[PDB]
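Protein chains get the first letters and strands the later ones, always in sequence-line order, with residue 1 at the start of each. Both ligands and their constituent atoms are indexed starting at 1 by order of listing.
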Protein chains: 2
Amino acid sequence: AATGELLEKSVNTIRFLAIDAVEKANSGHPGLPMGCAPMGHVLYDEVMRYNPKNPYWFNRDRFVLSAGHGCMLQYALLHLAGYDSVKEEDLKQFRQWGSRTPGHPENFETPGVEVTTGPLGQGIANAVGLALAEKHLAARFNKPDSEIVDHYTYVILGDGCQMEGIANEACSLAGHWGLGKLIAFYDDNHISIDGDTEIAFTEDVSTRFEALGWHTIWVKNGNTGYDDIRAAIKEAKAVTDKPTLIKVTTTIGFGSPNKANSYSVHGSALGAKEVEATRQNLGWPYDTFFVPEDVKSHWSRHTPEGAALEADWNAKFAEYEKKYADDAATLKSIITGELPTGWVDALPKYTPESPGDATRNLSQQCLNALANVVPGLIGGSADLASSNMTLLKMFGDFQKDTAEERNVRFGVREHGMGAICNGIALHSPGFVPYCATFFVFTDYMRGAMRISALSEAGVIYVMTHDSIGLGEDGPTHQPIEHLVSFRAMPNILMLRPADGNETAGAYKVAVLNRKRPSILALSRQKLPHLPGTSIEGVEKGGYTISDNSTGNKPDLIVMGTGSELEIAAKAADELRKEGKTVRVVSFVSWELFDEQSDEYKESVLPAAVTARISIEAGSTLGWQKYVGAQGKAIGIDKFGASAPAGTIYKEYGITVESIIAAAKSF
Amino acid sequence: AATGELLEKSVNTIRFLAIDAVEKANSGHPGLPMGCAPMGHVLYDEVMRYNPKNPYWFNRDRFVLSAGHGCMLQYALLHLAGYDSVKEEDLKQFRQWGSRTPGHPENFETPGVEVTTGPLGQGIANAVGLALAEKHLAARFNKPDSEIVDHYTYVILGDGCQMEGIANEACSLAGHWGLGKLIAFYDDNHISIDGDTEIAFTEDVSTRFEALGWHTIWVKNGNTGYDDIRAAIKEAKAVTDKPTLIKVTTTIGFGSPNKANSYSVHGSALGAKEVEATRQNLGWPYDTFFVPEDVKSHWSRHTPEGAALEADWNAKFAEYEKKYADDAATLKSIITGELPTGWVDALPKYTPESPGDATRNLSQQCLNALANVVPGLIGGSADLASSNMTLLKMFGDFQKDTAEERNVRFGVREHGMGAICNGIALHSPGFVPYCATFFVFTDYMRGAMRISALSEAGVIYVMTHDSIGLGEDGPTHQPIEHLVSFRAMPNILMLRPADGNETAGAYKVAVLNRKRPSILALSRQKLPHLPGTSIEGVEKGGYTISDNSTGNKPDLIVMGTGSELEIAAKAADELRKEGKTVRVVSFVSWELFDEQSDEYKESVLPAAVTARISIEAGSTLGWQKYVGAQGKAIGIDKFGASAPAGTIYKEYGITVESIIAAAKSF
Ligand SMILES: Cc1ncc(C[n+]2csc(CCOP(=O)(O)OP(=O)(O)O)c2C)c(N)n1
Ligand SMILES: Cc1ncc(C[n+]2csc(CCOP(=O)(O)OP(=O)(O)O)c2C)c(N)n1
Ligand SMILES: [Mg+2]
Ligand SMILES: [Mg+2]
């Protein structure tokens, strides 16, 4: 470990890389990096196990910056540690077009960044997920003679993250689950954007954490108390049954004579005068982006030492694989992301002779089938297991003493649940996390869902009670705008399966899509199995299920999704008996349809056919793209009602009579 | 107060109204009402001041059921208390089409219900807002000799609300603000839908509440400890400096011999055999929906006593008006919802001599102008005051010791902030609450925003940094799907003003809309004032700002919103110089445009004109409604980038050259 002047110079190297990167961009956040440089130095230089030349090493300790605005702290540390993703020139292209150093940390841009933060509270909730993943894999795979899984999860969070509901949700679960390898550093700097925290944040954070089942430590001088930081981390490792909150009191902008300890230093460049004053105050004669030779030499040891650490773990994995071949192959699937051969064949098959069932129940059949062939399938419901139908019946519950189990019981914590699942997904590429609530409550967890899409986290969102079909719970519970609100969102599938074959298809797509989250909108109510539904169809997003036309010139195209596809099918039957040629199209995914060839699109929605009807129990917005200038979208552009679902469908005109009336009107 | 057998019969009347209403609907939640009947009886029969024949009486105590699924508790109590909104026939139409007894409590269906709950956590956050409103009005208007504002806010919440992030956010603020008249009853029944709370919820809730700055009491026998409940409420009311959490341990489904104390009784009808077993166990001979004549006689006193309470307060208000005329007129305005005459004339006006500015700054000008003329304007930012530009410069901050002030500092608590503002809006109809964050973080607070729309709460959502225009903070911060995600949501305006006149117009609409929330998407970056923008235009949602066409047959229509309207205007200038006729249309609100006459719509978007272009820095989804299949929507259907905003606009093709290219292609 560095001592005396070398330690001071190393900590200031981190401060000035942040200051100088922010100054060059004339954009970003120097305050947090200046105050957090001491704990950042101790974490990357002394405590964390990693190989800086292999950011993908399975058994690395994981670091998350929940206060993502402070990203120049992490970029400085990744640079000094020898990560290939943060060269000197990447620091010089902070916040610049297409750089590896974006203004908030992005796993998809910067190998060595574990998750995407910037939206406050996501990172601490992600760290709960990363620690769940480690605890599960250790319980599931470790043997008396092979501790093949053993790593810590370290997270830096500030006052903003500590005010966000998502952080209280995830930290309640971390305490409940006894995640003893989760070690959180609270940057206790008494500053947020509005200024002193006294303006809006006077709670006793440490006592709240004790109440949540956490171990708490207070480091009163985080600016210069290196030994206190080191002793806090050692005490944290000694407490194996509870997550640890190390409250570290720092000065934001430590070393700035004129901007330290003020909102001034949170979120803008120091400027020329204050950069010079800070250099003079800290005693930093060095040029911009300068790493002193002695600091360079000190940090250089992480490359050989990190290679040696990973080699030690590789030898342990080889011995594990020799003695426990089956368990090693199962773990290797979670590590590599290579899904076992033939996994798709586990999915259930249906015909129109299969009895009708709700897609929430058909979803449970798919989850249970997949659990046997997808080793990384893990997850569950926010307190709605018996309504969302999420239980893997061959497994018990994930708990402190049963972490090997694969049902995760999130309680009434949708937002925390989503960010925990992002952490599981981004732990190892063979994780397939799923989580569930009523579809309407995606609104509670939408911040985490958007970050699934941005961070390429393949979370499966199992969202039941997808419409007015749920009935009596009424308009507070009935989605309307939700489908289109996700159709608009980049990099997320909005799947709305009609029946058994479409639900199996939606799950095949969701499991294959390890870099894009999938939402499945699933019915409360029972639906028939329809002639012509197929997995192959779902993979194309929009596909024909019935057609009595010739020349690719149906008199009418009726398109539907989910529970409304049977209404389209029944209307088509009645219209065909009157001598009309009708094509019925399933739009189970707009996103996958849009990805298809021009020739495929023409085969389903011929340009010459203008007589087009859509039916879906939700917003009509965006359906005009598929029903066109002459067509009619049947839907709901108002809130729902508290009544038996049958009554709502009739009153809202979500009926075969509405389709027949629209067909007459062309 | 009821004693002995009369008390038992009154409490059981509440239990059996709930049981029998749920049984008739074969739908709903008997568990919470059966467990909570004792505390509900004490609250409505003994503690709360109200007039059952005037649900609007300003100085009534407020009750909120945060655990809204338990709504038959409140419907039973409103019925027994003599509210005109809940007669015997209304109880018989529980969860039936269009009834006054929907499956969750809805202020917009049922006078006597203060707010809309059902989405867990909203109600407790609403109660923080109702108590803020009382504390603000008391500090602002009370005099040493006239305590004219004096009422309590009572809220019942369960394990679900206590797990939700929004509840921790709002309760942190309640403790910070010293809301001593906020009294919360935690239904501590150790059950949620997944069963015993031990599955996912083992935190020490009461100690967390102490850490949040709350006074705590524990009633260990909530089933039969009537004196313990009464003493807890007396102690709570006597603690003036802190909100009180009364943890009330109950049995869910108390009195059901076979379903008490289980998830079974949470959320479905008892069924015939268990209804009879419950009648036998509790000793209830009475027919369905029957209120014993002794219970009827006891409760009848609330009609004359409630009229007398309101009459006493009216005499107090008349004496206040006599002695403090100007303060009485201002408070009366907030009570009645009459906005002062001429308030619209306070809004700023802009001409070709006005300097260009960001709509975030123009928004601050409108807020400051309105603060002088709209007595109920109150609110602020989630820790972004100096970036959202929300400070009312003539006022200080709302705090425990300065509750008269009108700047509310929410900290990093978007979801809590939204639900607090729903509480303020629904306290008194002259309140005009506003709140703010970056537009992208609407996702954090979307559950409360949707309830603004459903509950007809006129909250003004001031949402700055509306696009890639914000630049370097990057894709975590840059809205894409957000505008269309709110266009699809019923009963909410999605306003996107281009300049000074449009920002003034958006604020006029937002203030007038006391029954529909308004979102204003506001720019980080400076924009010009565009000739042809007007308040009158904003009121119509979609309107022409420039036109050199004749016969309502422009060669080209270019439409834009916000920061992209100047791009449309510049493109139109270039095209008109070539001899083309071009109409430029502002779509500041889709919603208001859609409300206009067929004749008005035809006057702006003539059916004969197919050459139509839209430009907006966000999703293109839904623009085909206005541009048509033959038109072109210029936008962004991918995530943003971390770069100077100018670079992003160029790379993403949000340019006059894109409009010119689209115009060439027709
Ligand atoms: C969900 C969310 N809301 C708001 C913001 C805007 N924001 C950026 S950092 C910050 C607060 C800064 O406080 P703290 O977390 O204490 O950081 P410090 O200034 O101490 O470094 C806010 C409000 C955000 N990034 N995410
Ligand atoms: C935000 C949100 N998520 C999920 C639900 C679905 N839900 C309804 S009640 C409930 C929990 C019930 O537990 P509790 O609040 O403890 O009520 P109790 O069963 O004791 O009456 C859940 C998860 C909801 N209504 N709101
Ligand atoms: Mg801080
Ligand atoms: Mg409960």
Which atoms from ligand 2 have a heavy atom of [X] less than 4.0 Å away?
| X | value |
| --- | --- |
| B:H69 | 9 (S), 15 (O), 17 (O), 18 (P), 21 (O) |
| B:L32 | 21 (O) |
| B:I252 | 18 (P), 19 (O), 20 (O), 21 (O) |
| B:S192 | 13 (O), 16 (O) |
| B:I191 | 16 (O), 18 (P), 19 (O), 20 (O) |

Whether B:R95 and A:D473 form a salt bridge (side-chain N of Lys/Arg under 4.0 Å from carboxylate O of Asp/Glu) is what I want to check.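 Yes.
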Among all protein heavy atoms, pick out the one at the shortest distance from [atom]; state its residue, atom name and that distance to 0.1 Å.
| atom | value |
| --- | --- |
| atom 6 (C) of ligand 2 | A:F438 CE1, 3.9 Å |
| atom 12 (C) of ligand 2 | B:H266 CE1, 3.6 Å |
| atom 15 (O) of ligand 2 | B:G160 N, 2.9 Å |
| atom 20 (O) of ligand 2 | B:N189 ND2, 2.6 Å |
| atom 25 (N) of ligand 2 | B:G118 O, 2.9 Å |
| atom 23 (C) of ligand 2 | A:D383 OD2, 3.3 Å |
| atom 10 (C) of ligand 2 | B:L120 CD1, 3.4 Å |

Restricting to N/O/S, name the atom of B:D159 that gets closest to the Mg ion (ligand 4).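 In B:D159, the heteroatom (N, O or S) nearest the Mg ion (ligand 4) is OD2.
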Does any N, O or S atom of B:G158, backbone or side chain, fall under 2.8 Å from the Mg ion (ligand 4)?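 Here the distance criterion (N, O or S atom, under 2.8 Å) is not met by B:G158, so no.
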Whether B:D187 has an N, O or S atom under 2.8 Å from the Mg ion (ligand 4):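 So B:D187 does not count as coordinating the Mg ion (ligand 4).
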More than 12 heavy atoms of other residues, nucleotides or ligands under 6.0 Å from OH of B:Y263: yes or no?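 Atom OH in B:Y263 is not packed in, count stays at 12 or less.
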Is the number of heavy atoms from other residues, nucleotides or ligands under 6.0 Å of B:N26 CG greater than 12?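 Atom CG in B:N26 is not packed in, count stays at 12 or less.
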For ligand 2, is there an atom lying under 4.0 Å from some heavy atom of [X]?
| X | result |
| --- | --- |
| B:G31 | no |
| B:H29 | no |
| B:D187 | no |
| A:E414 | yes |
| B:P119 | yes |
| B:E164 | yes |

Between B:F201 and B:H190, does the ring centroid distance fall short of 6.0 Å?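 Centroid separation for B:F201 and B:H190: 6.0 Å or greater.
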Under 6.0 Å between ring centres: does that hold for A:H477 and B:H104?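 Here the rings of B:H104 and A:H477 have centres that are less than 6.0 Å from each other.
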Mind listing the closest non-hydrogen atom pair of A:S381 and A:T390 along with its distance?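 For A:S381 versus A:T390, the nearest heavy atoms are CB-OG1, 3.3 Å.
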We want to know whether [X] and [Y] form a side-chain donor-acceptor pair, criterion being a heavy-atom distance below 3.5 angstrom.
| X | Y | value |
| --- | --- | --- |
| A:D159 | A:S192 | no |
| B:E106 | A:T476 | no |
| A:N388 | A:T464 | yes |
| A:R208 | B:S172 | no |

Run the numbers on A:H415 and A:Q122 for side chain to side chain donor-acceptor pair (under 3.5 Å), then give the verdict. CA-CA 9 Å; A:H415 204 177; A:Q122 300 299 141; 3.1 Å; yes
Measure from NZ or CZ of A:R524 to the centre of the six-membered ring of A:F438, then state whether that distance is under 6.0 Å and the direction lies within 45° of the axis.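 No, a cation-pi geometry is absent between A:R524 and A:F438.
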Which of these passes side chain to side chain contact (heavy atoms under 4.5 Å, CB included) with A:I156: A:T117, A:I246, A:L73?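 Option passing the side chain to side chain contact (heavy atoms under 4.5 Å, CB included) with A:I156: A:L73.
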Vertex the Mg ion (ligand 3), arms to A:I191 O and A:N189 OD1, rounded to 10°: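 The O/OD1 angle about the Mg ion (ligand 3) sits at 90°.
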Part of A:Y444 within contact of ligand 2 (heavy atoms, under 4.0 Å):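 For A:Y444, only side-chain atoms sit under 4.0 Å from ligand 2.
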So, A:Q478 side chain and A:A641 main chain: donor-acceptor pair closer than 3.5 Å or not?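 Yes; at least one donor-acceptor contact below 3.5 Å.
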